[PDB]
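Okay, so here's the structure we're looking at.
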Amino acid sequence: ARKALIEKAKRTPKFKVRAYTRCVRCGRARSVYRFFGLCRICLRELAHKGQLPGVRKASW
Amino acid sequence: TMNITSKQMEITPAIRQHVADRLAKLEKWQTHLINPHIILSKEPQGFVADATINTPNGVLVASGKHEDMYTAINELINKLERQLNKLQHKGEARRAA
Amino acid sequence: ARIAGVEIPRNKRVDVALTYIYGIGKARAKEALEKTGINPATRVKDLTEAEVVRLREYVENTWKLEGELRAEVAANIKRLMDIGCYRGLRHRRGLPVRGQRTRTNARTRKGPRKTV
Amino acid sequence: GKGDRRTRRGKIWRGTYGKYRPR
Amino acid sequence: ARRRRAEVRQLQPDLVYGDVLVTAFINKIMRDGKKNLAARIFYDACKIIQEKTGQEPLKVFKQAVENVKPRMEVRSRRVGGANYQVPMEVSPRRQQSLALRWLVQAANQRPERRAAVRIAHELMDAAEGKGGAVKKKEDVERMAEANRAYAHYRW
Amino acid sequence: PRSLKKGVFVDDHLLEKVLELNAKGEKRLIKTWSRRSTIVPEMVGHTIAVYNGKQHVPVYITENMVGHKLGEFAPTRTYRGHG
Amino acid sequence: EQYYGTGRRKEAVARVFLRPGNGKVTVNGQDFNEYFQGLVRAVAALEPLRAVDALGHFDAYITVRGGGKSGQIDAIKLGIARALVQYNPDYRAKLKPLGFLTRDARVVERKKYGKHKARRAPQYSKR
Amino acid sequence: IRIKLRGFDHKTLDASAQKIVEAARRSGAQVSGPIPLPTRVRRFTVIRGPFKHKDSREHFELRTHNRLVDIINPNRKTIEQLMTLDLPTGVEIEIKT
RNA sequence: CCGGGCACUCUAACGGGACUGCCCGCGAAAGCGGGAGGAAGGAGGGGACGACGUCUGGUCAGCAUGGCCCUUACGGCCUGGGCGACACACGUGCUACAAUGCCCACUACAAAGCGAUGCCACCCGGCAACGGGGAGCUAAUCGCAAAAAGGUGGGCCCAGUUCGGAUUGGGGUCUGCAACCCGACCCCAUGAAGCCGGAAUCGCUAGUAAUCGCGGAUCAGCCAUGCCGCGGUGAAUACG
Ligand SMILES: [Mg+2]
Ligand SMILES: [Mg+2]
Ligand SMILES: [Mg+2]
Ligand SMILES: [Mg+2]
Ligand SMILES: [Mg+2]
Ligand SMILES: [Mg+2]
Ligand SMILES: [Mg+2]
Ligand SMILES: [Mg+2]
Ligand SMILES: [Mg+2]
Ligand SMILES: [Mg+2]
Ligand SMILES: [Mg+2]
Ligand SMILES: [Mg+2]
Ligand SMILES: [Mg+2]
Ligand SMILES: [Mg+2]
Ligand SMILES: [Mg+2]
Ligand SMILES: [Mg+2]
Ligand SMILES: [Mg+2]
Ligand SMILES: [Mg+2]
Ligand SMILES: [Mg+2]
Ligand SMILES: [Mg+2]
Ligand SMILES: [Mg+2]
Ligand SMILES: [Mg+2]
Ligand SMILES: [Mg+2]
Ligand SMILES: [Mg+2]
Ligand SMILES: [Mg+2]
Ligand SMILES: [Mg+2]
Ligand SMILES: [Mg+2]
Ligand SMILES: [Mg+2]
Ligand SMILES: [Mg+2]
Ligand SMILES: [Mg+2]
Ligand SMILES: [Mg+2]
Ligand SMILES: [Mg+2]
Ligand SMILES: [Mg+2]
Ligand SMILES: [Mg+2]
Ligand SMILES: [Mg+2]
Ligand SMILES: [Mg+2]
Ligand SMILES: [Mg+2]
Ligand SMILES: [Mg+2]
Ligand SMILES: [Mg+2]
Ligand SMILES: [Mg+2]
Ligand SMILES: [Mg+2]
Ligand SMILES: [Zn+2]
């Protein structure tokens with residue numbers, strides 16, 4: 001049960017609470033950042049390829 | 001006390017008692033068996049019986065495998081005995097000046 | 001059995017002493033001494049007898065205490081245990097009541113560990 | 001100490017306010 | 001450690017007597033980095049030994065320090081199949097460390113209620129020949145004399 | 001507990017079948033999944049079946065169980081002890 | 001006329017202004033002894049001029065920002081040691097050997113993932 | 001007469017703040033130099049691994065750099081060659097008064 | 001605060017700076033020890049960075065994908081329950097057992113972040129959580145904001161206590177369609193165990209450990225005492 005779950009998260013819900021975020025890239029339900037709309041795994045995948053504008057590896 | 005984990009596998013309370021009775025061979029050496037932990041598992045060729053035990057003189061870690069689950073259990077105790085008897089007597093070697 | 005049925009300690013201040021009563025905490029200690037105009041820092045050994053029954057009177061007439069309070073708390077636990085609601089079940093078994101996990105801890109409600 | 005709600009230090013620990021830690 | 005002998009940190013002298021040894025004692029009093037508290041306890045004690053003994057606190061402090069310094073100690077070394085408590089001399093660095101350590105520890109064993117009081121009285125008794133601090137220095141010395149026979153095992 | 005500014009919550013679909021029974025000479029047995037609904041006084045005297053996830057439990061409402069929820073009286077976990 | 005140094009320590013930055021005078025010292029709109037009232041470490045903030053005898057010879061205008069009291073205090077020590085050298089170049093010797101001229105680089109080490117603090121490691125059962 | 005510039009890369013941001021300062025400077029008259037506002041840092045810390053391994057992370061940042069310029073003596077002669085402003089893609093300009 | 005200014009602090013982009021370069025000495029050499037200068041000295045402190053490979057290590061449940069298996073069901077929607085159970089057992093943590101402490105009142109000193117059905121000044125109601133008004137801020141401007149330890153003053157007087165704050169009764173707040181199972185917070189009352197912990201065992205070499213608070217992601221709310229960060233105060237010791 002994932003594809004139906006990916007579609008049911010898009011569908012506006014019968015109540016405002018039932019809304020939750022998924023990963024727009026892989027459908028992952030957990031650890032979804034709202035800034036990117038991505039999960040932690042896709043966040044690191046796109047950032048490593050340079051396809052996140054501005055996002056760079058941070059060291060200090 | 002002694003803990004038993006059946007990873008990705010179901011066992012009975014009888015099986016768990018056999019394990020406790022088999023680990024009881026280690027009581028021979030009259031040393032504290034501190035939080036002993038057995039892990040029974042199932043691999044494509046047979047069963048694996050893991051164990052981690054701490055004693056006042058060191059730790060015991062050993063893994064036993066065999067098609068028959070009880071044999072893998074027994075092979076584990078054999079490997080654990082040889083380690084315990086090494087922990088209990090290795091210090092006696094360097095005794096003479 | 002001075003006030004109120006509890007022989008509160010002398011040697012100690014009045015606000016501190018009145019806490020040694022079922023139903024009176026730090027909060028209600030401030031309320032009793034203001035409403036009767038008693039220095040809250042006076043030792044019980046130093047209360048003028050006029051002050052005592054002045055303090056005694058207000059305390060016993062205002063709030064439920066000791067036995068009446070305890071009978072009431074019990075009566076509420078009793079009615080919960082009679083009407084068969086979920087909280088009542090938790091009091092029936094001696095298990096915790098406010099949703100806490102019971103897989104570990106809960107030693108206050110369960111008591112010291114029973115071996116197996 | 002920090003685990004006591006009815007004190008200042010307890011309300012600091014929880015990040016809350018009230019009669020024992022006003023704002 | 002394995003590679004080199006470590007370097008002994010230099011302490012800053014203390015802004016009330018200029019002594020580095022006074023500083024080291026403050027640090028040993030310190031708990032949870034509360035140095036302001038730690039300094040106040042020593043100076044408060046410094047006044048108390050003034051009130052009860054009319055002479056220089058600093059003098060009282062350094063005399064009690066010398067009294068608790070262990071000159072010899074036992075240090076275990078297993079030989080064959082027995083642990084032999086070998087008698088070794090204490091380096092001046094280690095003497096100082098053990099004295100200040102035992103001074104505080106024996107002080108906080110006292111029954112007196114305020115830390116500044118416990119620190120004061122222990123230093124007064126240790127300036128003389130009394131106190132559980134001096135007892136420790138003497139016990140350690142006694143046990144090293146007890147085992148003078150194993151003094152050839154030294155390293 | 002629920003804010004007093006808000007109302008005493010009943011799922012409205014349970015409240016309705018209460019009054020139609022009241023206004024006609026009740027009672028029929030009420031089956032419901034409204035564990036969240038409060039036991040308002042109009043319910044006093046009825047017997048209502050509460051779903052606990054498995055069974056609808058017949059719960060006879062009395063006078064002293066009013067400021068409560070229906071779930072409190074159809075507990076969900078079967079437990080009889082250990083050993 | 002007026003003399004200035006820049007003093008920094010941990011997260012504190014102190015700007016100090018040395019004008020000649022009887023000795024009065026003010027830190028951020030307060031007297032010295034009032035700002036550090038009840039702090040034993042304060043007197044160390046005036047040590048550079050006690051080393052070049054300018055103890056009562058100067059008044060002190062001092063601002064302070066960031067960090068905490070003791071960091072601010074050590075910042076002062078560098079600041080007024082900075083000012084005395086521009087006040088007189090030969091003040092370096094008999095002030096530099098007292099270390100008062102160097103800037104203390106020791107600062108908070110960053111928290112790292114996997115640890116509880118900079119280095120404090122989580123507890124585990126190797127057994 | 002205010003212009004503020006925001007960008008994710010500071011190399012393009014500074015170049016795009018020079019080609020504005022330079023622009024209306026000679027174009028008459030006064031230009032208050034490019035002032036670097038403090039940078040807003042937006043941090044991202046994730047577990048390197050797709051499954052467990054909780055104690056291994058990788059840090060990412062997304063820095064939103066900021067610049068301010070005051071074209072002090074406006075003169076609508078300047079308010080023209082600024083309409084055709086060849087600024088790179090990474091930066092965003094705001095114009096207020 | 002205005003006039004005025006960019007000195008200073010700062011903010012943030014670009015540079016310079018440290019190389020055993022200089023000196024003394026050992027050395028064939030590479031280097032080593034000591035010295036000066038210097039903000040910094042011998043990788044200056046920390047970060048990012050992890051070789052050929054190992055563990056038939058981990059993940060078909062993030063994703064991808066070979067092959068096998070299901071096809072009014074091993075697919076899909078809902079409501080309710082469960083994932084929170086509790087004779088027990090282990091791992092990680094929080095708060096403690098008190099006077100270097102606890103409480104109350106007054107008074108200081110940060111950093112990094114976040115913030116337009118967001119952050120909320122200030123006023124009013126409520127003991128309070130909070131509620132009603134309402135300004136400001138597309139935010140170096142307005143706001144979260146008070147930092148806490150500390151400092152000052154006062155109380156407590158060694159007691160299971162003015163230590164500790166578990167457990168439970170009662171009364172409220174708020175989010176949310178909905179807080180029974182199963183939310184956080186406030187208020188009254190209750191006030192447990194615990195008097196420093198057996199065998200055993202963990203961390204840490206300097207701005208470290210210890211201790212003190214602050215922020216963020218996730219997020220309606222929150223079971224965070226978690227995690228990733230931030231600064232305050234600030235040790236002990238290393239013979240080997
Ligand atoms: Mg299904
Ligand atoms: Mg799929
Ligand atoms: Mg949600
Ligand atoms: Mg989500
Ligand atoms: Mg088991
Ligand atoms: Mg055998
Ligand atoms: Mg009481
Ligand atoms: Mg709960
Ligand atoms: Mg604490
Ligand atoms: Mg308390
Ligand atoms: Mg000690
Ligand atoms: Mg001792
Ligand atoms: Mg800085
Ligand atoms: Mg002073
Ligand atoms: Mg820190
Ligand atoms: Mg681990
Ligand atoms: Mg962890
Ligand atoms: Mg300039
Ligand atoms: Mg060298
Ligand atoms: Mg490299
Ligand atoms: Mg897959
Ligand atoms: Mg597959
Ligand atoms: Mg095929
Ligand atoms: Mg559903
Ligand atoms: Mg559920
Ligand atoms: Mg779970
Ligand atoms: Mg539960
Ligand atoms: Mg068991
Ligand atoms: Mg925890
Ligand atoms: Mg702790
Ligand atoms: Mg006691
Ligand atoms: Mg008690
Ligand atoms: Mg007891
Ligand atoms: Mg108490
Ligand atoms: Mg309640
Ligand atoms: Mg709930
Ligand atoms: Mg302690
Ligand atoms: Mg031991
Ligand atoms: Mg190291
Ligand atoms: Mg926090
Ligand atoms: Mg939230
Ligand atoms: Zn994803």
Side-chain angles (χ1 to χ4, degrees), chain A residues 4 15-17 23 26 28 31 39 41 57 59-60, chain B residues 1 3 32 34-35 54 56, chain C residues 16 22-23 25 27-28 73 76-77 86 97 99 101-103 108-109 113-116, chain D residues 1-4 7 12 16-19 23, chain E residues 1 5-6 27 29-38 41 91 97 113-115, chain F residues 2-4 9 33 35-36 51-54 69-72 75-77 79 81-83, chain G residues 4 11 13 15 37-39 63 65-70 72 102-103 105-111 113 118-124, chain H residues 10 14 36-39 43 45 50-53 57:
Chain A
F15 309 92
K16 196 186 59 182
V17 272
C23 189
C26 74
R28 207 191 150 89
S31 288
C39 74
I41 310 174
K57 279 176 67 72
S59 88
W60 77 101
Chain B
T1 55
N3 285 91
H32 191 188
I34 312 194
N35 292 326
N54 192 40
Chain C
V16 191
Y22 199 79
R28 292 180 169 188
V73 182
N76 303 341
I77 295 189
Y86 181 75
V97 158
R101 67 176 277 114
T102 63
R103 182 169 180 170
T108 299
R109 286 290 289 182
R113 316 165 183 275
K114 288 184 289 296
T115 68
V116 170
Chain D
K2 307 180 190 181
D4 185 8
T7 55
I12 289 176
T16 59
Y17 289 99
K19 191 176 62 158
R23 64 205 305 193
Chain E
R5 351 155 86 258
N27 292 168
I29 309 187
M30 212 192 331
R31 308 201 213 276
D32 304 327
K34 294 200 160 185
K35 176 179 266 287
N36 206 46
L37 182 56
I41 298 180
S91 73
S97 303
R113 295 189 159 180
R114 292 181 307 186
Chain F
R2 173 164 229 205
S3 290
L4 249 148
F9 187 89
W33 300 251
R35 313 175 51 80
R36 30 135 90 164
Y51 200 64
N52 52 22
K54 177 196 234 288
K69 303 315 184 72
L70 290 188
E72 303 196 40
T76 64
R77 293 174 182 92
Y79 172 65
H82 295 88
Chain G
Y4 173 81
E11 283 283 352
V13 201
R15 301 159 44 233
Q37 197 277 295
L39 294 171
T63 128
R65 264 149 292 96
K69 298 268 183 171
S70 190
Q72 293 172 359
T102 190
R103 196 271 209 249
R106 310 180 297 121
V107 301
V108 156
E109 185 184 321
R110 164 230 162 171
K111 158 98 165 61
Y113 63 87
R119 307 187 180 185
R120 177 65 169 100
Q123 193 178 272
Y124 73 107
Chain H
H10 71 82
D14 280 316
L37 290 171
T39 306
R43 281 266 144 75
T45 298
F51 183 65
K52 46 128 155 177
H53 300 323
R57 320 288 184 88

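Below, read A as the first sequence line, B as the second, and so on, with proteins coming before strands; counting in each chain starts at 1.
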Within a 6.0 Å radius of atom NZ on F/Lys54, are there more than 12 heavy atoms belonging to other residues, nucleotides or ligands?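 Count not over threshold, so no.
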Do other residues, nucleotides or ligands put more than 12 heavy atoms under 6.0 Å from the CZ atom of E/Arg114? no
Taking OP1 and OP2 of [N], is either one under 4.0 Å from a side-chain nitrogen or oxygen of [X]?
X	N	result
F/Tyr79	I/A87	yes
D/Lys2	I/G213	yes
G/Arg106	I/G45	no
G/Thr102	I/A39	no
F/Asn52	I/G80	no
B/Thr1	I/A89	no
H/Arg43	I/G215	no
D/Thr16	I/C185	no
E/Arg5	I/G240	yes
F/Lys69	I/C181	no
G/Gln123	I/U92	yes
D/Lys19	I/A128	no
E/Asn36	I/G151	yes
C/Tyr22	I/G191	no

Suppose the criterion is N1-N3 plus one more Watson-Crick contact, or the two G-U wobble contacts, each under 3.5 Å; do [N] and [M] qualify?
N	M	value
I/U107	I/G150	yes
I/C144	I/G113	yes
I/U168	I/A12	no
I/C78	I/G58	no
I/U152	I/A105	yes
I/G215	I/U175	no

Write down the distance between [atom1] ([X]) and [atom2] ([N]), rounded to a whole number of angstrom.
X	N	atom1	atom2	value
F/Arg2	I/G221	CZ	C1'	15 Å
D/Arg23	I/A128	CZ	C1'	11 Å
G/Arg110	I/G232	CZ	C1'	20 Å
C/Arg101	I/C83	CZ	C1'	13 Å
F/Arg77	I/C182	CZ	P	5 Å
H/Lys52	I/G57	NZ	P	12 Å
G/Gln37	I/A108	CD	P	13 Å

Need one value for [X]: base, sugar-phosphate or nothing, where a base atom within 4.0 Å counts as base even if backbone is also close, heavy atoms only.
X	value
F/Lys54	nothing
G/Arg65	sugar-phosphate
D/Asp4	base
A/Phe15	base
G/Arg15	base
B/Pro56	sugar-phosphate
E/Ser97	sugar-phosphate
D/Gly3	sugar-phosphate
C/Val97	sugar-phosphate
D/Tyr17	base
C/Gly23	sugar-phosphate
H/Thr45	sugar-phosphate
H/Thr39	sugar-phosphate
D/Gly18	sugar-phosphate

Out of [options], which has the shortest distance to the side chain of [X]?
X	options	answer
G/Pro122	I/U100, I/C14, I/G93	I/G93
G/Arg119	I/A189, I/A179, I/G46	I/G46
E/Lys35	I/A235, I/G229, I/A209	I/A235
G/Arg103	I/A39, I/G229, I/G231	I/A39
G/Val108	I/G207, I/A12, I/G151	I/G207
A/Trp60	I/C130, I/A85, I/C230	I/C230
G/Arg120	I/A48, I/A210, I/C181	I/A210

How do D/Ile12 and F/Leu4 order along RNA chain I: which one's closest nucleotide is nearer the 5' end? F/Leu4
On RNA chain I, does the nearest nucleotide to G/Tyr113 precede the nearest nucleotide to E/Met30 from the 5' side, or the other way round? Give the residue. G/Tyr113
Taking [Y]'s backbone N and O only, do any of them form a donor-acceptor pair with [X]'s side chain (distance below 3.5 Å, no angle check)?
X	Y	answer
F/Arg35	F/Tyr51	yes
G/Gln72	G/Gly66	yes
G/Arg110	G/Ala118	no

Positive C1'-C2'-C3'-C4' means north, negative means south, so call it for the sugar of [N].
N	result
I/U54	north
I/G41	south
I/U20	south

Can you find a side-chain donor-acceptor pair between G/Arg65 and G/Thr63 that sits under 3.5 Å?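 A donor-acceptor contact under 3.5 Å links the two side chains.
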Do the side chain of E/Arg113 and the base of I/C157 come within less than 3.5 angstrom through a donor-acceptor pair of N or O atoms? yes
When only distance counts, do a donor and an acceptor, one from the side chain of F/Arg36 and one from the base of I/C177, lie under 3.5 Å apart?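 By the distance-only test, yes, there is a pair.
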Distance check, P atoms only: I/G27 and I/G53, in whole angstrom units.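 Taking atom P in both I/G27 and I/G53, they lie 48 Å apart.
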What integer number of Å spans the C1' atoms of I/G17 and I/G118?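 Nearest-Å result for I/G17 against I/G118 at atom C1': 46 Å.
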Does H/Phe51 lie flat on the base of I/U59, that is, centres under 5.5 Å apart and planes under 30° off?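 Base of I/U59: not stacked against H/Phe51.
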